[PDB]
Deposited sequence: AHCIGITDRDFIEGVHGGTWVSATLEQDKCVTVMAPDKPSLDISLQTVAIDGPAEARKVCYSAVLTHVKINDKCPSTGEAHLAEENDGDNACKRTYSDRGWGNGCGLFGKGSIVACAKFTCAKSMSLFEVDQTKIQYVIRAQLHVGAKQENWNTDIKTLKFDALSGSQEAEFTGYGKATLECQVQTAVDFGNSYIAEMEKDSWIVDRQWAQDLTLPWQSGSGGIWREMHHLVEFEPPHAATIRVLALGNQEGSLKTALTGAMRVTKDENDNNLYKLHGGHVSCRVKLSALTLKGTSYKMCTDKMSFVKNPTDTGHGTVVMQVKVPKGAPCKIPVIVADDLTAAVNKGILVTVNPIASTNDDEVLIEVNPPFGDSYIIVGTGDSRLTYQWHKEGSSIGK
């Protein structure tokens, strides 16, 4: 269903054109009504990240070759292997007890070096998000009842795009993005076929070998490679067991991303408000008023955590009217003095028996989610935790 704009949402000038100022959320439509002309629908289709740069790989399962060992007797110098200079080898130097029993003339410590080639069987990719290339697509079709669909393609840097509509004429949309998470503090972690949004610092502090997105050598191999004590001519090297399970566990408290089925590198987001100023030539537009809902509502989906500190609920308005759903978040049931923040812009049930999504930002700690007003109001208690960076 589509929601009509109010009078204050647009402004018609004596000379020039009429500007519409709408805040667009995902999967919520907003319609523009003009007398003797079809209503114009405007909806945010998607917010996506296209081709993020891989900034780091994290190994969680390694494979070694056999152990190459050069060893020298006492008073014969240092034992060197030419593999010590290859960066993809796991090398270690030490001294082993030598003597007559193992082919050395005099007793004492003999130099010894062991190297084993390090390959990464399975790695986790960490992607960098360029916020100047966050895409957002806006659709605009004339109401059906030349009703073709106009799809405009945006990206943070290019925020001004043009279009034309029947009757309304040429249009200019000047839009902005506000992401739901800070991609300056976050990576896109891609382990198997799955993917997540993880914090940057949580990812650098992992005790696993890592490799730059630019390439190079696998650094800090010692998290998966272990060198046993020597026995006079030999050193055992062990690749520590696969660590996918330990990594998949630490990603439990991390929100997920979904690749597009076709593009397969489009990481399309869900949260995010697109603030557009629609610019049109001069024409009178139709407004719409909304009374506040005054009848009993019900939680279709009880308030749930979204992954980025906000709570989503889905209430049903079966009776009242095309109406605005009053939502506040308070410390106590007494004052009804709001302490939270209403993320959702204009929670409006267009028709009766409709189900409306509502996003809210409770204060940290205990609070009460209040939907409605008076005595036929929904009261849901909430708890909010300290928002660690991981684990």
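How would you write out the unmodelled ranges of the deposited sequence, numbered from 1?
No C-alpha for residues 1, 147 to 152.
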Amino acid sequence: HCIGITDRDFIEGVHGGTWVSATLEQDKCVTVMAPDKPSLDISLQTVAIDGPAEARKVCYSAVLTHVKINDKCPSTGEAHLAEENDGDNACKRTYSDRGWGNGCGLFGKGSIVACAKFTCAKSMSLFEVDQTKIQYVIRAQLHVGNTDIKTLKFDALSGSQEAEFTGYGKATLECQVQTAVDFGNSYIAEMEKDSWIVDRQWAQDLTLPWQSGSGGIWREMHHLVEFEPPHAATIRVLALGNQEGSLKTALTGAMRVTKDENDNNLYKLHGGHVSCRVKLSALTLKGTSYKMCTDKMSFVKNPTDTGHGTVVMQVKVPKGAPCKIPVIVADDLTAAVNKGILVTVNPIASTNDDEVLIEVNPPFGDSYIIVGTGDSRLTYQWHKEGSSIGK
From here on, numbers count along this sequence of modelled residues.
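Can you let me know which of the two, 77 to 85 or 287 to 295, has the higher average C-alpha B-factor in the entry?
Averaged over C-alpha atoms, the B-factors run higher in 287 to 295.
Average Cα temperature factor in the PDB entry - higher stretch of 270 to 278, 311 to 319
Result: 311 to 319.
Name the one of 355, 359, 54, 50 with the greatest CA B-factor according to the PDB entry.
Out of 355, 359, 54, 50, the record gives the largest C-alpha B-factor to 355.
Could you tell me which one of 65, 70, 61, 350 shows the highest CA temperature factor in the PDB record?
Among 65, 70, 61, 350, the PDB entry lists the largest C-alpha B-factor for 350.
Based on the deposited C-alpha B factors for this chain, I'd like to know if residue 167 is in the lowest, middle or highest third.
Highest third of the chain for residue 167's C-alpha B-factor.
Can you tell me whether residue 2 has a C-alpha B-factor in the lowest, middle or highest third compared with the other modelled residues of the same chain?
Top third by C-alpha B-factor.
C-alpha B factor of residue 145, ranked within the chain: lowest, middle or highest third?
Top third by C-alpha B-factor.
Rank-wise, by C-alpha B-factor, drop residue 262 into the lowest, middle or highest third of its chain.
As the PDB entry reports it, the C-alpha B-factor of residue 262 lands in the highest third of its chain.
Using the temperature factors of the C-alpha atoms in this entry, rank residue 151 within its chain: lowest, middle or highest third.
As the PDB entry reports it, the C-alpha B-factor of residue 151 lands in the middle third of its chain.
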